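Colleague:
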Amino acid sequence: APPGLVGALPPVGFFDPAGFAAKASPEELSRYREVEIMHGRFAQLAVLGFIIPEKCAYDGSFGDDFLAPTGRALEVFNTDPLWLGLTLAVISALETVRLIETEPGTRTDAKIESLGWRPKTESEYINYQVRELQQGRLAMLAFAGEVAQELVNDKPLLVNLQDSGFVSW
Amino acid sequence: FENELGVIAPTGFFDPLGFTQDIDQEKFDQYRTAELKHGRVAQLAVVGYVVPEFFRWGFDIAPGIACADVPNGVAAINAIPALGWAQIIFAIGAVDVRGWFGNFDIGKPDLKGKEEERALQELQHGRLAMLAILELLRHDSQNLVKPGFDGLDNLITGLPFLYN
Amino acid sequence: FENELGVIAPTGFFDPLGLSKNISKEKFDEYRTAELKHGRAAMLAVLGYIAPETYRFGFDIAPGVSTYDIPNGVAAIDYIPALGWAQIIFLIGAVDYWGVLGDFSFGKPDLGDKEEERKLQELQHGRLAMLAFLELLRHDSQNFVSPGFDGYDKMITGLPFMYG
Ligand code: CLA
Ligand SMILES: CC(=O)O[C@H]1CC(C)(C)C(=C=C/C(C)=C/C=C/C(C)=C/C=C/C=C(C)/C=C/C=C(\C)C(=O)C[C@@]23O[C@]2(C)C[C@@H](O)CC3(C)C)[C@](C)(O)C1
Ligand SMILES: CC1=C(C#C/C(C)=C/C=C/C(C)=C/C=C/C=C(C)/C=C/C=C(C)/C=C/[C@@]23O[C@]2(C)C[C@@H](O)CC3(C)C)C(C)(C)C[C@H](O)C1
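Protein chains in written order, with PDB author numbering: chain 5, 37 to 205; chain 6, 36 to 199; chain 7, 23 to 186.
In structure tokens:
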């Protein structure tokens, strides 16, 4: 069914119930894959960002005002809004650098070849691409869930776990 | 080295961080020896954690002490005199390097046909036991440094029948 | 084997019990390796049984114990906790089997036209140091069991000026 995209794994297979990777063009599928990779990268970072500041609030490690009322990371919109604005601005600037340099079709290769490590063979690479994609998918789901849950009952993740009797700490 | 005992589903060849990239057969043989020995030790260690929870020997390790008073987990490395621990260590070493009270020919059965399958099974069990021994060590040591810190009481938390 | 290194004038070839007849050169290599290692360790012993009698380092070996109070000799063992002893034993082994922290090439000199004379000096010193350690252990242990035995209450009896 698929056209050679490195994705697709044993748990399910080629997951495409709605029929999008048959009604698209050769360039459209490339853009879809890029969209996937990028969303995942951001998400993964955002999940780690939700976890660590919130925990540092739970452990009294940043003072008694860090995420003041509850401890939710969605509370930065109340305490320090301009900091969040400037951070989104810096992200936007570096991503404008991306949009300028990278050309249509790439938009994912940061040319970070020597600055980091990489698998030496070729099969392992295919595996690492599949991994990046899978971690990104799981992170997308996790971020959506965290945001929805916190907007439902204003309460941090670890505390929502502690209450309601889902952990043992 | 993509075809050597240890390749089993789901993960075909689990060398993600490129360790078998540029190595000769000697180094991979050393790695396999370390893996097999580690696995065997881990399996014996897990069995050792479980069994003293419902049975203790009838002798008296160390001058006093007695085998039925010693704590069960990460402790008992500080409740047995150091000389006895050193002697046990060196005896295990004698069995390890010299291979002494550990090579009896009645210990190498004729695995008619099934040799490779049984080697693969032994390696996989070693892997599982290595992870299990890590979990047991973490739970015990953490709940020893600060009683609690996990909520889960008891040392072998998982088999509640032993009431421990 | 009556021409290999290790023959001096008092007792030229020492082998009364015939422990080196019919052996292959591989073994005699292993025997010489054991002799050299034991000799070096015995020298370091006969030097570590003396130094603490007038100079204790100062640090804390374990969380509560101080190397200012632990008695010297076959008594310090049961003071340092068994985990610390083990953590040492394994590091000494790391230096002994994998040859780490002990193979720095600038420690191996070029004895030139003396490499057959300094090796013999090393071996003979080791032979003497082994017997010295035997005597020190005898005195130490015999008095640690029954205090006052042999009458010479001190440790390094032969060096009275130290005030053992
Ligand atoms: C004096 C006794 C003695 C001797 C001479 C040997 C000899 C050997 N062992 Mg060995 N071993 C022993 C006791 C001994 N063992 C005991 C009691 C255990 C625990 C079951 C093991 C577990 C063991 C494993 C798992 C492996 C060896 C390996 C080896 C080989 C070389 C590596 C080595 O020892 O350097 C030691 C070098 C080190 C760097 C030591 C590592 C220290 C670890 C990481 C942390 C130490 C934790 C702490 C100090 C000990 C707590 C446990 C203790 C209280 C029981 C060699 C044949 C290795 C092998 O076959 O080839 C690779 C190997 O993989 N041994
Ligand atoms: C820099 C350079 O030069 O080279 C670089 C190149 C390159 C490639 C960048 C490099 C790399 C790789 C990197 C950085 C890889 C990073 C990968 C990363 C960071 C992957 C995160 C996954 C997180 C997940 C899946 C979250 C799960 C979370 C899940 C599934 C949850 O359930 C969360 C949860 O909330 C729910 C939803 C409900 C809550 O009630 C309960 C909890 C809280 C449990 C290197 C190695 O750095 C070198
Ligand atoms: C330093 C220190 C410690 C220590 C220690 C250590 C490691 C001490 C080590 C002691 C050690 C290593 C003692 C070896 C003796 C070997 C001997 C005597 C060999 C004799 C061999 C003899 C006498 C002769 C043999 C033969 O002549 C025969 C019989 C016939 C001939 O044909 C052949 C030859 C010539 C070979 C403690 C205790 C751990 C704690 C303390 O706090 C600090």
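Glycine included, each C-beta is placed from N, C-alpha and C at the ideal position.
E182 (chain 5) and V83 (chain 5): beta carbons closer than 9 Å?
Modeller: The count along the first sequence starts at 1 and reaches residue 182 (chain 5) at position 146. The count along the first sequence starts at 1 and reaches residue 83 (chain 5) at position 47. Cβ atoms of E182 (chain 5) and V83 (chain 5): closer than 9 Å.
Colleague: What is the rounded straight-line gap between the Cα of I178 (chain 7) and the Cα of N178 (chain 6)?
Modeller: Here residue 178 (chain 7) is taken as the residue at index 156 of the third sequence, counted from 1. Here residue 178 (chain 6) is taken as the residue at index 143 of the second sequence, counted from 1. Rounded to whole angstroms, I178 (chain 7) to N178 (chain 6) spans 46 Å at the Cα level.
Colleague: Looking at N196 (chain 5) and ligand 2, is the gap between the Cβ and the nearest heavy atom below 8 Å?
Modeller: Residue 196 (chain 5) sits at position 160 when you count from the first residue of the first sequence. Set against 8 Å, the gap from the CB of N196 (chain 5) to the closest heavy atom of ligand 2 is smaller.
Colleague: Determine whether the Cβ of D185 (chain 6) lies closer than 9 Å to any Cβ atom of chain 5.
Modeller: Locating residue 185 (chain 6) in the second sequence gives position 150, counting from the first residue. Yes, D185 (chain 6) counts as interfacial toward chain 5.
Colleague: At a Cβ threshold of 9 Å, is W135 (chain 6) touching chain 7?
Modeller: Counting from 1 along the second sequence, the entry for residue 135 (chain 6) is found at position 100. Chain 7, which has no Cβ nearer than 9 Å to the Cβ of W135 (chain 6), makes this no.
Colleague: Distance cutoff 9 Å, beta carbons only. Does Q56 (chain 6) sit that close to anything in chain 5?
Modeller: As a first step, residue 56 (chain 6) is located in the second sequence; it is residue number 21 there, counting from the start. At least one chain 5 Cβ lies under 9 Å of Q56 (chain 6).
Colleague: Does the segment 126-134 of chain 6 come into contact with the segment 37-54 of chain 7, if we say contact requires no fewer than three beta-carbon pairs (one atom in each stretch) closer than 8 Å?
Modeller: no
Colleague: Hey, how far is the Cα of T115 (chain 5) from the Cα of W120 (chain 7)?
Modeller: In the first sequence, the residue the question calls residue 115 (chain 5) occupies position 79. In the third sequence, the residue the question calls residue 120 (chain 7) occupies position 98. Here the alpha carbon of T115 (chain 5) sits roughly 57 Å from the alpha carbon of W120 (chain 7).
Colleague: Assuming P38 (chain 5) contacts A57 (chain 5) under a Cβ cut-off of 8 Å, what Cβ separation, rounded to an integer in Å, is found between them?
Modeller: Start at 1 with the first residue of the first sequence, and residue 38 (chain 5) comes out as number 2. Start at 1 with the first residue of the first sequence, and residue 57 (chain 5) comes out as number 21. At roughly 7 Å, the Cβ-Cβ gap stays under 8 Å, so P38 (chain 5) and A57 (chain 5) are in contact.
Colleague: State the CB to CB distance for the pair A104 (chain 7) and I112 (chain 6), rounded to an integer number of angstroms; the pair is presumed to be in contact (CB under 8 Å).
Modeller: Position 82 of the third sequence holds residue 104 (chain 7). Position 77 of the second sequence holds residue 112 (chain 6). Indeed, because the Cβ distance is near 6 Å, the residues count as touching under 8 Å.
Colleague: Ligand 5 heavy atoms versus the CB of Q80 (chain 5): any closer than 8 Å?
Modeller: Among the ligands present in this structure, namely ligand 1, ligand 2 and ligand 3, ligand 5 is not found.
Colleague: Give the residues of chain 7 in contact with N113 (chain 6), contact being defined as C-beta atoms less than 8 Å apart.
Modeller: Working through the second sequence from its first residue, we reach residue 113 (chain 6) at position 78. Under the 8 Å cutoff, chain 7 gives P103, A104, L105.
Colleague: Since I162 (chain 5) and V48 (chain 5) should fall inside the 8 Å C-beta cutoff, what is the C-beta to C-beta distance between them, to a whole number of angstroms?
Modeller: What you label residue 162 (chain 5) is simply residue 126 of the first sequence in a count that begins at 1. What you label residue 48 (chain 5) is simply residue 12 of the first sequence in a count that begins at 1. Between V48 (chain 5) and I162 (chain 5) the Cβ distance is about 18 Å, and since that is not below 8 Å, they are no contact.
Colleague: Find out if the Cβ-Cβ distance for the pair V203 (chain 5), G183 (chain 6) is shorter than 9 Å.
Modeller: Looking up residue 203 (chain 5) in the first sequence gives position 167. Looking up residue 183 (chain 6) in the second sequence gives position 148. Result no, Cβ atoms of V203 (chain 5) and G183 (chain 6) do not sit closer than 9 Å.
Colleague: Can you tell me whether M165 (chain 6) sits near ligand 3, meaning its C-beta is under 8 Å from at least one heavy atom of the ligand?
Modeller: Taking the second sequence and counting its residues from 1, the one referred to as residue 165 (chain 6) is at position 130. No; taking the cut-off as 8 Å, the Cβ of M165 (chain 6) has no heavy atom of ligand 3 nearer than that.
Colleague: Which residues in the same chain as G74 (chain 6) place their Cβ atom closer than 8 Å to its Cβ, once the five residues preceding and following it in sequence are excluded?
Modeller: For this step, residue 74 (chain 6) is matched to residue 39 along the second sequence. Cβ neighbours of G74 (chain 6) beyond the five flanking positions: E157, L158, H160, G161, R162, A164, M165.
Colleague: Just to make sure I have the definition right: I need the residues of chain 6 whose C-beta is within less than 7 Å of the C-beta of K156 (chain 5). Which are they?
Modeller: Position 120 of the first sequence holds residue 156 (chain 5). Under the 7 Å cutoff, chain 6 gives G53, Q56.
Colleague: Mind checking if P195 (chain 6) is an interface residue toward chain 5, Cβ cutoff 9 Å exclusive?
Modeller: Start at 1 with the first residue of the second sequence, and residue 195 (chain 6) comes out as number 160. Cβ-Cβ to chain 5 under 9 Å: no for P195 (chain 6).
Colleague: If I'm right that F166 (chain 7) touches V122 (chain 7) with Cβ under 8 Å, what's the distance once you round it to whole angstroms?
Modeller: In the third sequence, residue 166 (chain 7) corresponds to position 144, counting from 1. In the third sequence, residue 122 (chain 7) corresponds to position 100, counting from 1. Not quite, the Cβ-Cβ distance comes to about 35 Å (not below 8 Å), so this is no contact.
Colleague: Identify the continuous alpha helix (DSSP H) that holds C92 (chain 5) and give its terminal residues.
Modeller: Position 56 of the first sequence, counted from the first residue, corresponds to residue 92 (chain 5). From DSSP, the alpha helix (DSSP H) with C92 (chain 5) extends over 62-94.
Colleague: Do we get a CB-CB distance below 9 Å when we pair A77 (chain 6) with the residues of chain 7?
Modeller: On the second sequence, residue 77 (chain 6) is found 42 positions in, with the first residue counted as 1. No, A77 (chain 6) lies away from the interface with chain 7 (no Cβ there is under 9 Å from its Cβ).
Colleague: Could you give the residue range of the alpha helix (DSSP H) that holds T68 (chain 6)?
Modeller: Within the second sequence, the letter at position 33 stands for residue 68 (chain 6). Element bounds for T68 (chain 6): 60-85.
Colleague: Run through chain 7 and tell me which residues come within less than 8 Å of residue 31 (chain 6), C-beta to C-beta.
Modeller: Nothing about residue 31 (chain 6) can be reported from this structure: the residues present for chain 6 run from 36 to 199 only.
Colleague: Strictly below 8 Å CB to CB, what residues from chain 5 border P45 (chain 6)?
Modeller: Within the second sequence, residue 45 (chain 6) is the residue found at index 10, counting from 1. The contacting residues are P46.
Colleague: With 7 Å as the C-beta to C-beta threshold (strictly closer), list the residues of the segment 179-203 of chain 5 near chain 6 in chain order.
Modeller: Those residues of the segment 179-203 of chain 5 that come within reach of chain 6 (Cβ to Cβ, closer than 7 Å) do not exist; the list is empty.
Colleague: What does a CB cutoff of less than 7 Å around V42 (chain 6) pick up in its chain, not counting 5 residues either side in sequence?
Modeller: The sequence position of residue 42 (chain 6) within the second sequence is 7, counting from 1. Cβ neighbours of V42 (chain 6) beyond the five flanking positions: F48.
Colleague: Which whole-angstrom value is the C-beta distance of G85 (chain 5) and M176 (chain 5), which I expect to be below 8 Å?
Modeller: As a first step, residue 85 (chain 5) must be located in the first sequence, where it is residue number 49. As a first step, residue 176 (chain 5) must be located in the first sequence, where it is residue number 140. Not quite, the Cβ-Cβ distance comes to about 14 Å (not below 8 Å), so this is no contact.
Colleague: Pull up the distance between the alpha-carbon of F94 (chain 6) and that of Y84 (chain 6), whole angstroms please.
Modeller: As a first step, residue 94 (chain 6) is located in the second sequence; it is residue number 59 there, counting from the start. As a first step, residue 84 (chain 6) is located in the second sequence; it is residue number 49 there, counting from the start. Those two C-alpha atoms are separated by around 19 Å.
Colleague: Run the CB neighbour count on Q60 (chain 6), radius 10 Å, all protein chains shown included, and call it buried at 16 or more, exposed below.
Modeller: Counting from one through the second sequence, the residue named residue 60 (chain 6) turns up at place 25. Result: exposed.
Colleague: For a cutoff of 9 Å on Cβ pairs, would you count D131 (chain 6) as touching chain 5?
Modeller: Residue numbering aside, residue 131 (chain 6) sits at position 96 when the second sequence is read from its first letter. False, the Cβ-Cβ gap to chain 5 never drops below 9 Å.
Colleague: Relative to ligand 2, what is the chain-ordered list of residues with a Cβ closer than 5 Å to any of its non-hydrogen atoms?
Modeller: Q80 (chain 5), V83 (chain 5), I148 (chain 5), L151 (chain 5), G152 (chain 5), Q171 (chain 5), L174 (chain 5), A175 (chain 5), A178 (chain 5), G181 (chain 5), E182 (chain 5), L193 (chain 5)
Colleague: If you measure from the CB of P38 (chain 7), is any heavy atom of ligand 3 nearer than 8 Å?
Modeller: In the third sequence, counting from the first residue as 1, residue 38 (chain 7) sits at position 16. Correct: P38 (chain 7) has its Cβ closer than 8 Å to ligand 3.
Colleague: How would you label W205 (chain 5), buried or exposed, when you count the other beta carbons within 10 angstroms and need 16 or more for buried?
Modeller: Start at 1 with the first residue of the first sequence, and residue 205 (chain 5) comes out as number 169. Burial call: exposed.
Colleague: Compute the minimum distance between the beta carbon of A98 (chain 7) and the heavy atoms of ligand 3, and state whether it is under 8 Å.
Modeller: On the third sequence, residue 98 (chain 7) is found 76 positions in, with the first residue counted as 1. Indeed, a heavy atom of ligand 3 lies less than 8 Å from the Cβ.
Colleague: On the three-state DSSP scale, how would you describe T115 (chain 5)?
Modeller: As a first step, residue 115 (chain 5) must be located in the first sequence, where it is residue number 79. It is coil, neither helix nor strand.
Colleague: Along the chain, where does the alpha helix (DSSP H) that runs through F50 (chain 7) open and close?
Modeller: Within the third sequence, residue 50 (chain 7) is the residue found at index 28, counting from 1. The continuous alpha helix (DSSP H) containing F50 (chain 7) extends over residues 47-70.
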